[PDB]
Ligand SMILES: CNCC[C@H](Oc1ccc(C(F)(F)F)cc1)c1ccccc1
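Heads up, the chain below is alone and in the form solved without the named molecule; it's given as structure tokens.
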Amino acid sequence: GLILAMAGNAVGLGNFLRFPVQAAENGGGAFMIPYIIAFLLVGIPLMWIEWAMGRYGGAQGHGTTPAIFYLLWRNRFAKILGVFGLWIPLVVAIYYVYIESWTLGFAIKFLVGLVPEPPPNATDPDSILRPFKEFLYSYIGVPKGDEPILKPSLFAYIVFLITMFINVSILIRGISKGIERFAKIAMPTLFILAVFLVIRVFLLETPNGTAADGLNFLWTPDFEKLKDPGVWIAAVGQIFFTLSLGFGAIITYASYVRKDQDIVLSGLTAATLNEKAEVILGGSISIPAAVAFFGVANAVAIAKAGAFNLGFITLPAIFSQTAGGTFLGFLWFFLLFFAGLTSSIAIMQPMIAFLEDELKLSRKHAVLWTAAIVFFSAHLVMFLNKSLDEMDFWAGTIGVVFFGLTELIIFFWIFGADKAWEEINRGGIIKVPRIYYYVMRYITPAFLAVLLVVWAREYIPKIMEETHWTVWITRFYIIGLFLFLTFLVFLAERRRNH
């Protein structure tokens, strides 16, 4: 199935770790209403856009974003906007591989038996949260008092090295046959273990809450929080993150596929299985269990205190109250690691492809230098408090929605609305309904543009008053990354005409 490779990179850490965080910190229910609208009016059509843009420029030997933007709009300002097609995946990879290494480190701990346990006599939210919170915080090195320096354990650093070595050895060697035999075993195993864990979580009855309260917290909307654009832009950004949109990823992969081929039905199918994997499996396992085990206030606080910490704290609590949970926990975090592994090798693909097709580097050299830029930068994420969340906000939330609007104007307003409508439907098994045409030309592009404006007039004053230097150094570091990548595209521009 060709829809499984389109969802093998879509289903990853965003489904089981980022979604519970994004939903619980933004309210739940108040977050789900725009999250559904973003999937219909924004997420689905942009999937059709990036596959159409990619195979269009890919038919002329262009797999990189600046080369395709300039092919769709001949202007040096288009190649500058194409740098986000390299900057966003690079910044996300700086922490994504690190979060991926957390799942491998937890899998090794569960296999060997090092698991967190609830206290003997607690039966109150903060006391039973402490063993599971300290299990994660002492691994990633969270101190007390909001001190800016993290002290991760030596085991966590070594597991990060091993995770980098696994990503590099696959990007160089390629997809192996044993990996293909392991992938066809992990896809049912993940979507069978997920079935049991939805049943297990549903009958959770604790003195601190019920799973029914977690589903009540997640599916009852608060309409006064719909006036908050930070809730809206967190929802439209999570849609882009989970669908692998707003990066430079999908446009690079359609460059390697063929024209006169279906990008409509298969593009709609992988976008649905992915939402089935995180709304049902990623959303009704982690969130209701956190509300049942720790209550609402503590579940929201854990979600606000990190970008991926909720699932790492909630799932071991489930497995501590389940017969054989230590074994199932090994399966959970090892399969979650494989989900992140197939995504991280995909996130780092546009950067490696740029060093190949534009700077004429070999596979071995393009991979190893890309890994050097990720490993070196990851030390900010590993050792600076809130540095990981900052990269996740500007690349994984704000960056994807700005770069998603940019794609929707270059391809649908400058390249031609009717001209782009033909590129989407070519070879389609089914046809895109006519109502999406007016949505892609007048509704969605004139909605993301308004959201970023109504958001920036309210939160940018709060952002520029940031007091933590660990945050400003991260903002300074990622600006240097965008300038560094702009310099690389310049070296490619003075090489094509040289």
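For every residue, the number given is its place in the sequence shown, counted from 1. So that the term is clear: the rigid core is the largest set of C-alpha atoms that superpose within 1.5 Å between two forms.
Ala122, though modelled here, lacks coordinates in at least a third of the other entries of this protein that were compared and that model residues flanking it. In the record comparison, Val432 is modelled in each of the other entries of this protein that model the residues flanking it, with no third of them omitting it.
Averaged over Cα atoms, the B-factor as recorded in the entry is higher for 218 to 226 than for the other of 333 to 341 and 218 to 226. For the pair 151 to 159 and 68 to 76, the mean B factor over Cα atoms is greater in 68 to 76.
Between the residues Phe412, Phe240, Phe308, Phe110, it is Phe412 that shows the highest Cα B-factor in the PDB record. Highest CA B-factor among the listed residues (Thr326, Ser286, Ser266, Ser169): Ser266.
When the modelled residues of the chain are ordered by their C-alpha B factor, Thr486 lands in the lowest third.
Looking at the C-alpha B-factors along this chain, the one for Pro188 belongs to the highest third. Residue-level temperature factors show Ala417 in the highest third of its chain, judged at the C-alpha atom.
Among the modelled residues of its chain, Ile473 has a C-alpha B-factor that falls in the lowest third according to the deposited record.
Annotation for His379: CA B-factor lies in the lowest third of the chain's modelled residues.
As for the form deposited with the named molecule bound, it is not shown, yet the points below apply to it.
With the site C-alphas superimposed, the ligand pose in the bound PDB entry sets the named molecule onto this chain such that three or more atoms are within 2.4 Å of backbone or C-beta atoms; a blocked site results. A heavy atom within 4.5 Å of the named molecule in the bound PDB entry is found for exactly one of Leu388, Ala270, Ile410, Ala317: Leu388. Contact with the named molecule in the bound PDB entry, defined as a heavy atom within 4.5 Å, holds for exactly one of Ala289, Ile128, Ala307, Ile424, namely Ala307. Contact check for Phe132: every heavy atom lies farther than 4.5 Å from the named molecule in the bound PDB entry.
The named molecule in the bound PDB entry is not approached by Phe106, whose heavy atoms all lie more than 4.5 angstroms from it. The closest non-hydrogen atom of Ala24 lies beyond 4.5 Å of the named molecule in the bound PDB entry. With a 4.5 Å cutoff on heavy atoms, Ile99 counts as touching the named molecule in the bound PDB entry. Along 1 to 38, a non-hydrogen atom within 4.5 Å of the named molecule in the bound PDB entry is carried by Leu13, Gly14, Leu17, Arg18, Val21, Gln22, in order along the sequence. Considering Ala93, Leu310, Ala395, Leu243, one residue stands apart with a C-alpha shift of at least 2 Å between this form and the one not shown following superposition on the core, and it is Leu310. Comparing the forms between this form and the one not shown, the C-alpha position of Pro229 differs by 2 angstroms or more, with the core used for superposition. With the core superposed, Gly113 shows a C-alpha displacement below 2 Å between this form and the one not shown. A displacement of 2 angstroms or greater separates the C-alpha positions of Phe202 between this form and the one not shown, with the rigid core held in common. Whereas the shown form places them at one spacing, the Cα atoms of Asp146 and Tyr96 lie at least 3 Å farther apart in the bound PDB entry. The pair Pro350 and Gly178 approaches in the bound PDB entry: their C-alpha atoms are at least 3 Å nearer to each other than in the form depicted.
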